[PDB]
Structures are given as structure tokens and as C-alpha cells.
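So the structure is just underneath, and the comments pick up after that.
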Amino acid sequence: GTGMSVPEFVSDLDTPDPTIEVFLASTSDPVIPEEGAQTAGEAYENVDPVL
Amino acid sequence: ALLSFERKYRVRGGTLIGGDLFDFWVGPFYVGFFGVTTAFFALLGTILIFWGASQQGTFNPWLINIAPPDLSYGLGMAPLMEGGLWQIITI
């Protein structure tokens, strides 16, 4: 009786955000570090945050 | 009681349905077939409104509220306390 509701067309509800698929095609699972693995700073000259 | 000029207009005929079975007056009001259906429907609606008010818990004219059902019921019929009384009163 309040009038509190949100209206939407069903053709619009069935259309996903079109960038969800772009993301899933550019993502990969992490690689668990092994025992005493070689880091990026001992292989190139980089910056502290990513070293 | 009639107005000074009303008696000559109170003739018989001109009904859509019912003939002279309901062709009369109660006080100033004219009744016909559609006067009997109006009385029934209006009285039933008002009595149901006040029964719903009694079950709500308040008789204050400002605060009486009979509401439609939830959206999850769709176009079906709801239980009479959770919005079905509204449907009956609408009919």
C-alpha cells in the first residue's frame, strides 16, 4: 500500500552489463609461490611496491 | 413528501429492467432494479471495511487502513487478512 517498489522492462533485465565478459577473458588464477622462489627485483630493475 | 410541482412527473415506465416490480420511491429516493443492487453492494463493502478495521485494532477514522497484497502474490488471490479483503471491497 505504500507505493514503494522499483519498475523495470524484462528485456532490460535479461541484458547483462556487456563488460562482464571482457573481464572474464582477461583474468587468470594466482600461482602459489614455492619454497624460496625468485622475485621480480632479483630479475629486473623495478619499483618497491611491485618488487 | 413531495414538492409543490412534483406529483405530475411521478408516472410509471421507463425502466431498463424490472418493470413495475421495483418501480416506486422510498422517501425522496427512487428505487429500481439498480437501486437494489447499489444498496446490496455498498452495504456489504462498508460492513467489510469496518470488520477489517475491528481486526486491525483501531476504530479511529484517520488511522483505518486496508491494504492490497504483496507483489509476490501476483494476480492470484491472497488470504483475506493479508490483502484479500481489499480485493473483495474493490469488486
Side-chain angles (χ1 to χ4, degrees), chain A, chain B residues 1-6 9-91:
Chain A
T2 299
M4 281 173 67
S5 62
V6 175
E8 295 302 320
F9 284 121
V10 309
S11 70
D12 289 345
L13 288 162
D14 67 43
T15 310
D17 186 337
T19 54
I20 292 164
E21 183 178 2
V22 187
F23 188 79
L24 296 162
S26 76
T27 184
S28 174
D29 289 345
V31 184
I32 303 301
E34 293 177 350
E35 293 177 350
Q38 170 209 30
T39 59
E42 314 153 344
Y44 316 99
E45 295 302 320
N46 289 284
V47 175
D48 289 345
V50 43
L51 188 147
Chain B
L2 317 181
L3 296 171
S4 295
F5 52 79
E6 160 168 19
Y9 295 97
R10 278 199 180 190
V11 289
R12 150 207 203 264
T15 73
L16 301 170
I17 169 166
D20 51 324
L21 172 72
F22 302 119
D23 217 0
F24 52 82
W25 283 263
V26 173
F29 301 101
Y30 171 70
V31 194
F33 181 91
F34 303 109
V36 175
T37 59
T38 315
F40 170 79
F41 278 120
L43 284 172
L44 186 63
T46 312
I47 291 170
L48 289 181
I49 277 170
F50 273 114
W51 157 250
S54 68
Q55 287 321 97
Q56 178 188 342
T58 189
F59 281 104
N60 191 344
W62 303 139
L63 304 179
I64 292 167
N65 178 24
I66 289 141
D70 272 6
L71 302 190
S72 55
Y73 281 103
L75 297 164
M77 182 101 198
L80 264 46
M81 282 299 108
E82 293 177 350
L85 211 65
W86 182 93
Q87 282 152 315
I88 292 169
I89 294 165
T90 305
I91 293 164

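Note on naming: letters A, B, ... go to the chains in the order of the sequence lines (proteins, then strands), and numbering restarts at 1 for each one. The analysis underlying the following values was restricted to heavy atoms, covering all of them including side chains, and did not include hydrogens, waters or symmetry mates.
- More than 12 heavy atoms of other shown residues, nucleotides or ligands fall within 6.0 angstrom of atom CZ in B:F22.
- The CZ atom of B:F33 sits 10.0 Å away from atom OG1 of B:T38, with the distance rounded to the nearest 0.5 Å.
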Practice task
Take A:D17 and A:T19 through the side chain to side chain donor-acceptor pair (under 3.5 Å) test and state the conclusion after the steps.
Solution key: CA-CA 6 Å; A:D17 186 337; A:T19 54; 3.0 Å; yes

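- Between B:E6 and B:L2 the shortest heavy-atom distance is OE1-CA, 3.5 Å.
- Atom CD of A:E45 is surrounded by 12 or fewer heavy atoms from other residues, nucleotides or ligands within 6.0 Å.
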Problem - Derivation of the side-chain contact (heavy atoms from CB on, under 4.5 Å) call for B:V31 and B:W25 - result: CA-CA 6 Å; B:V31 194; B:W25 283 263; 6.0 Å; no

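- With a 6.0 Å radius and a threshold of 12 heavy atoms from other residues, nucleotides or ligands, B:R12 has its CZ atom at or below the threshold.
- How far CD1 of B:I17 is from CZ of B:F34: 6.0 Å, rounded to the nearest 0.5 Å.
- A:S26 contributes a side-chain N or O that, together with a main-chain N or O of A:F23, makes up a donor-acceptor pair within less than 3.5 Å.
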Which donor-acceptor pairs under 3.5 Å do the side chains of residues 67-87 of chain B make with protein atoms, sequence neighbours left out?
residue, atom, partner, partner atom, Å
B:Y73, OH, B:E82, OE1, 3.3
B:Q87, NE2, B:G76, O, 3.2

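- With rounding to the nearest 0.5 Å, the separation of CG in A:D14 from CG in A:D12 is 8.0 Å.
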For residues 42-56 of chain B, dump all side-chain donor-acceptor pairs below 3.5 Å to protein atoms at least two apart in sequence or in another chain.
residue, atom, partner, partner atom, Å
B:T46, OG1, B:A42, O, 2.9
B:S54, OG, B:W51, O, 2.5
B:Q56, OE1, B:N65, N, 3.1
B:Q56, NE2, B:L63, O, 3.3

